[PDB]
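What follows is a single structure, written as structure tokens, with notes after it.
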Amino acid sequence: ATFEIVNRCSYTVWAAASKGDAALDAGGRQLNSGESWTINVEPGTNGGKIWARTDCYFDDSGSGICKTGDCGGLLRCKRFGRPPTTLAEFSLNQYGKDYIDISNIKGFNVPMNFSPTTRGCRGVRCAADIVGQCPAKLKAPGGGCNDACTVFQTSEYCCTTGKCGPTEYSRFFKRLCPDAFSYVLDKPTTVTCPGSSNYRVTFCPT
Ligand code: NA
Ligand code: NA
């Protein structure tokens, strides 16, 4: 499956693609403002994610740091990134279908649209100014808007026991972006797409 990753932001982002225990494609690349990077994701990929990293520095060998989304200091991500990270999430070829969503469960750093480029389903988007509007206690000094689990580490925010409800904090994310997950047990906003669809992830879509 192809994922075209497009940076419409006015600032550089470092795109990242991982399934948690491995890179997807090269795992990460710099995208200047306007640039597009197309990756290939193996069919059957379960639990894949794409995200943006901001304010990154890497040496010649691909080692460095990012202020949001850092994945172990690597340009080419092998693992998931450090919150806050708006997440494009997907599982491909799962009994004949693909499944996509955007999640704010790990916070928000960069607005994103995640849409198919092939027929048969809709895209999803979280493009509101969540950083500018972020509650004081959730603001990350490094940049971005943390989720409450990251800040406060309680069973209720982290849904540790699989029993949790919405919270003041999850409702903020849900209000700004109704079409993304705001906490672990949120009413799903997952889209079912035809098996082997292709996609475009656009940072700063509006
Ligand atoms: Na998923
Ligand atoms: Na999810």
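Just remember, in the structure tokens the first chain shown is A, the second B, etc., residues are 1-based per chain, and ligands are 1-based in the order shown.
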Considering only C-alpha atoms and all ligand atoms, give me a table of residues in chain A that are at most 12 Å from ligand 2, with the closest atom pair and distance in Å for each, as JSON lines.
```
{"residue": "A:46", "atom": "CA", "partner": "ligand 2", "partner_atom_place_in_ligand_line": "1 (Na)", "distance": 11.9}
{"residue": "A:47", "atom": "CA", "partner": "ligand 2", "partner_atom_place_in_ligand_line": "1 (Na)", "distance": 8.9}
{"residue": "A:48", "atom": "CA", "partner": "ligand 2", "partner_atom_place_in_ligand_line": "1 (Na)", "distance": 10.7}
{"residue": "A:49", "atom": "CA", "partner": "ligand 2", "partner_atom_place_in_ligand_line": "1 (Na)", "distance": 10.2}
{"residue": "A:86", "atom": "CA", "partner": "ligand 2", "partner_atom_place_in_ligand_line": "1 (Na)", "distance": 11.6}
{"residue": "A:87", "atom": "CA", "partner": "ligand 2", "partner_atom_place_in_ligand_line": "1 (Na)", "distance": 9.1}
{"residue": "A:88", "atom": "CA", "partner": "ligand 2", "partner_atom_place_in_ligand_line": "1 (Na)", "distance": 9.5}
{"residue": "A:89", "atom": "CA", "partner": "ligand 2", "partner_atom_place_in_ligand_line": "1 (Na)", "distance": 7.1}
{"residue": "A:90", "atom": "CA", "partner": "ligand 2", "partner_atom_place_in_ligand_line": "1 (Na)", "distance": 8.9}
{"residue": "A:91", "atom": "CA", "partner": "ligand 2", "partner_atom_place_in_ligand_line": "1 (Na)", "distance": 10.5}
{"residue": "A:99", "atom": "CA", "partner": "ligand 2", "partner_atom_place_in_ligand_line": "1 (Na)", "distance": 10.3}
{"residue": "A:100", "atom": "CA", "partner": "ligand 2", "partner_atom_place_in_ligand_line": "1 (Na)", "distance": 9.0}
{"residue": "A:101", "atom": "CA", "partner": "ligand 2", "partner_atom_place_in_ligand_line": "1 (Na)", "distance": 7.1}
{"residue": "A:102", "atom": "CA", "partner": "ligand 2", "partner_atom_place_in_ligand_line": "1 (Na)", "distance": 7.7}
{"residue": "A:103", "atom": "CA", "partner": "ligand 2", "partner_atom_place_in_ligand_line": "1 (Na)", "distance": 6.1}
{"residue": "A:104", "atom": "CA", "partner": "ligand 2", "partner_atom_place_in_ligand_line": "1 (Na)", "distance": 8.9}
{"residue": "A:105", "atom": "CA", "partner": "ligand 2", "partner_atom_place_in_ligand_line": "1 (Na)", "distance": 7.6}
{"residue": "A:106", "atom": "CA", "partner": "ligand 2", "partner_atom_place_in_ligand_line": "1 (Na)", "distance": 9.9}
{"residue": "A:179", "atom": "CA", "partner": "ligand 2", "partner_atom_place_in_ligand_line": "1 (Na)", "distance": 11.9}
{"residue": "A:180", "atom": "CA", "partner": "ligand 2", "partner_atom_place_in_ligand_line": "1 (Na)", "distance": 8.9}
{"residue": "A:181", "atom": "CA", "partner": "ligand 2", "partner_atom_place_in_ligand_line": "1 (Na)", "distance": 6.5}
{"residue": "A:182", "atom": "CA", "partner": "ligand 2", "partner_atom_place_in_ligand_line": "1 (Na)", "distance": 9.2}
{"residue": "A:183", "atom": "CA", "partner": "ligand 2", "partner_atom_place_in_ligand_line": "1 (Na)", "distance": 8.5}
{"residue": "A:184", "atom": "CA", "partner": "ligand 2", "partner_atom_place_in_ligand_line": "1 (Na)", "distance": 6.7}
{"residue": "A:185", "atom": "CA", "partner": "ligand 2", "partner_atom_place_in_ligand_line": "1 (Na)", "distance": 8.6}
{"residue": "A:186", "atom": "CA", "partner": "ligand 2", "partner_atom_place_in_ligand_line": "1 (Na)", "distance": 8.8}
{"residue": "A:187", "atom": "CA", "partner": "ligand 2", "partner_atom_place_in_ligand_line": "1 (Na)", "distance": 10.3}
{"residue": "A:188", "atom": "CA", "partner": "ligand 2", "partner_atom_place_in_ligand_line": "1 (Na)", "distance": 7.8}
{"residue": "A:189", "atom": "CA", "partner": "ligand 2", "partner_atom_place_in_ligand_line": "1 (Na)", "distance": 8.8}
{"residue": "A:190", "atom": "CA", "partner": "ligand 2", "partner_atom_place_in_ligand_line": "1 (Na)", "distance": 8.0}
{"residue": "A:191", "atom": "CA", "partner": "ligand 2", "partner_atom_place_in_ligand_line": "1 (Na)", "distance": 11.4}
```
Would you mind writing down, as a short mmCIF file (atom, residue, chain, number, x, y, z; two decimals) with C-alpha atoms, in the first residue's frame, each residue of region 137-199 of chain A that DSSP on the backbone assigns to strand (DSSP E or B)?
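Output file selection.cif follows:
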```
data_model
loop_
_atom_site.label_atom_id
_atom_site.label_comp_id
_atom_site.auth_asym_id
_atom_site.auth_seq_id
_atom_site.Cartn_x
_atom_site.Cartn_y
_atom_site.Cartn_z
CA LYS A 139 0.70 22.30 27.52
CA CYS A 145 -0.58 19.57 23.81
CA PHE A 181 -10.08 9.42 19.41
CA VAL A 191 -13.21 4.23 9.12
CA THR A 192 -13.54 0.91 7.25
CA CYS A 193 -11.88 1.08 3.84
CA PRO A 194 -11.58 -1.56 1.12
CA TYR A 199 -3.72 6.81 1.42
#
```
Find the residue from A:71, A:77, A:148, A:201 that sits nearest to residue 108 (chain A); use only C-alpha atoms when measuring.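 Under the stated criterion, the closest residue is A:148.
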Find the residues near region 82-84 of chain A: any atom within 8 Å, counting only C-alpha atoms, skip ones fewer than 2 places away on the same chain, and give them as a VMD selection string. chain A and resid 68 to 71 80 86 106 to 109 140 143 to 147 150
Interatomic distance between CA of residue 22 (chain A) and CA of residue 2 (chain A)?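 Computed distance, CA of residue 22 (chain A) to CA of residue 2 (chain A), equals 17.4 Å.
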DSSP alpha helix (DSSP H) selection over region 30-142 of chain A, as a PyMOL selection string: chain A and resi 130-133
Selection file, N, CA, C and O atoms, as a PDB file, in the first residue's frame:
```
ATOM      1  N   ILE A 130      -5.403  22.900  18.214  1.00  0.00           N
ATOM      2  CA  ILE A 130      -5.403  22.297  19.536  1.00  0.00           C
ATOM      3  C   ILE A 130      -4.237  22.830  20.362  1.00  0.00           C
ATOM      4  O   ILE A 130      -4.359  23.036  21.570  1.00  0.00           O
ATOM      5  N   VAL A 131      -3.078  23.096  19.735  1.00  0.00           N
ATOM      6  CA  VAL A 131      -1.989  23.639  20.550  1.00  0.00           C
ATOM      7  C   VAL A 131      -2.345  25.002  21.109  1.00  0.00           C
ATOM      8  O   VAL A 131      -2.090  25.294  22.296  1.00  0.00           O
ATOM      9  N   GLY A 132      -2.864  25.913  20.245  1.00  0.00           N
ATOM     10  CA  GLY A 132      -3.140  27.254  20.726  1.00  0.00           C
ATOM     11  C   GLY A 132      -4.202  27.252  21.824  1.00  0.00           C
ATOM     12  O   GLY A 132      -4.200  28.123  22.709  1.00  0.00           O
ATOM     13  N   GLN A 133      -5.119  26.304  21.774  1.00  0.00           N
ATOM     14  CA  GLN A 133      -6.255  26.309  22.682  1.00  0.00           C
ATOM     15  C   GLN A 133      -6.033  25.391  23.884  1.00  0.00           C
ATOM     16  O   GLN A 133      -6.906  25.306  24.766  1.00  0.00           O
TER      17      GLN A 133
END
```
For region 118-128 of chain A, list every protein, DNA or RNA residue within 6 Å, evaluated using only C-alpha atoms, and leave out those in the same chain fewer than 4 positions away; present the list as a list in words.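 Contacts, with the query itself left out: residues 111, 112, 113, 114, 176, 177, 193, 197 and 198 of chain A.
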Can you spit out the residues from that selection as an mmCIF file, in the first residue's frame, using N, CA and C atoms?
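Here's the written file part.cif:
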```cif
data_model
loop_
_atom_site.group_PDB
_atom_site.id
_atom_site.type_symbol
_atom_site.label_atom_id
_atom_site.label_comp_id
_atom_site.auth_asym_id
_atom_site.auth_seq_id
_atom_site.Cartn_x
_atom_site.Cartn_y
_atom_site.Cartn_z
ATOM 1 N N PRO A 111 -1.511 19.379 13.133
ATOM 2 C CA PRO A 111 -2.815 19.014 12.556
ATOM 3 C C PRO A 111 -2.617 18.085 11.365
ATOM 4 N N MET A 112 -3.597 17.217 11.147
ATOM 5 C CA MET A 112 -3.389 16.150 10.168
ATOM 6 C C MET A 112 -4.714 15.809 9.479
ATOM 7 N N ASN A 113 -4.654 15.466 8.186
ATOM 8 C CA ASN A 113 -5.765 14.826 7.488
ATOM 9 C C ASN A 113 -5.244 13.462 7.057
ATOM 10 N N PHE A 114 -6.077 12.430 7.187
ATOM 11 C CA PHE A 114 -5.700 11.076 6.808
ATOM 12 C C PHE A 114 -6.817 10.549 5.919
ATOM 13 N N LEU A 176 -12.565 19.989 20.106
ATOM 14 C CA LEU A 176 -11.805 20.586 19.008
ATOM 15 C C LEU A 176 -11.822 19.669 17.798
ATOM 16 N N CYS A 177 -11.735 18.350 18.029
ATOM 17 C CA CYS A 177 -11.613 17.363 16.934
ATOM 18 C C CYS A 177 -12.526 16.185 17.179
ATOM 19 N N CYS A 193 -12.214 0.856 5.233
ATOM 20 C CA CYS A 193 -11.875 1.075 3.839
ATOM 21 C C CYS A 193 -11.706 -0.265 3.160
ATOM 22 N N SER A 197 -6.511 -0.481 0.114
ATOM 23 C CA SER A 197 -6.562 0.908 -0.297
ATOM 24 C C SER A 197 -5.207 1.604 -0.177
ATOM 25 N N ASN A 198 -5.134 2.800 -0.797
ATOM 26 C CA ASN A 198 -3.928 3.630 -0.647
ATOM 27 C C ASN A 198 -4.362 4.942 -0.023
#
```
